[PDB]
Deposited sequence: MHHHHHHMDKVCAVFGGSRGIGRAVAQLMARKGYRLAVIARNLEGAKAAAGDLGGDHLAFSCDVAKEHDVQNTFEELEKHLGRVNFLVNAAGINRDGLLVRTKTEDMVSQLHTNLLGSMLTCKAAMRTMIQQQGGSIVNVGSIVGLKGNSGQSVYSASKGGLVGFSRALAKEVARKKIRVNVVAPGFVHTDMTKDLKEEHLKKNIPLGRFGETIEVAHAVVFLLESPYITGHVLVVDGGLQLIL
């Protein structure tokens, strides 16, 4: 029941900020991505004892063998962070099926595969915490981001469905729904109540919070700065 967390997509952006923050808190992190060179660089500045792995979460067995490497080198994974995702803006009319299937398997199906592989370990230990990084556009939608919205709206119902299913096994699943994160904004940042774009470390603090809160599951924590009130 130690402090070991698996952060998929922890080489860049939010997932990288999540790994950075949990390393300062004393967690044993694993930085997972496709580009292993990026994962190593991320887990390199994360202090020491942190490992890096290569995995395409859109693949059924790629994530399988990645978890058996996790279990083998880090041990039981107590915390799962699904921050792996892709985004290519474009109109639905100007979006070929290949890109539509691509984002779906990465942003949605990918998180379903990872959460599934983390089950039998967390189930046998009767303890585990999962946070799936989504978006505000996954719920409220945004123009030119239909495919991304579907993929990010899907794992909201998924995380909740998994929550009611595994809550009796002392396992919690939550969703962080960030808004505009800094990583164009002039006629947009003025709208937001806080008057600025967010930071990856600010989103990361929300992620860690959901993982450490004992009575929170199936909840969608929004980190937007009041954007959802005007979006």
Fill in the blank from the handout: The deposited sequence goes unmodelled at 1-7, 191-196
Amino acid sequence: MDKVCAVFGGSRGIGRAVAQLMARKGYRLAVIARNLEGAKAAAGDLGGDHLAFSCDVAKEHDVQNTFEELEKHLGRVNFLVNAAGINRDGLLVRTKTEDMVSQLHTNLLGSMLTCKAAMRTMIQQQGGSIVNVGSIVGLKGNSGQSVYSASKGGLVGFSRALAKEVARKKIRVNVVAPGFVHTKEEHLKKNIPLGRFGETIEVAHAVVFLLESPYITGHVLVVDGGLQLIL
From here on, numbers count along this sequence of modelled residues.
Fill in the blank from the handout: For 36-44 versus 192-200, entry-based mean Cα B-factors point to 36-44
Handout entry: 84-92 or 133-141, whichever carries the higher mean Cα B-factor
Key = 84-92
Exercise for the section: Specify which of 172, 184, 205, 168 carries the largest Cα B factor in the deposited PDB entry. Expected result: 184
Problem - Candidate residues 114, 159, 121, 146, the one whose C-alpha B factor the record puts highest - result: 121
Handout entry: Modelled-residue ranking by C-alpha temperature factor, third containing residue 177
Key = lowest
Completion exercise
On the chain's distribution of Cα B-factors, residue 5 falls within the third called middle
Exercise for the section: Within this chain's modelled residues, let me know which third the CA B factor of residue 107 belongs to: lowest, middle or highest. Expected result: lowest
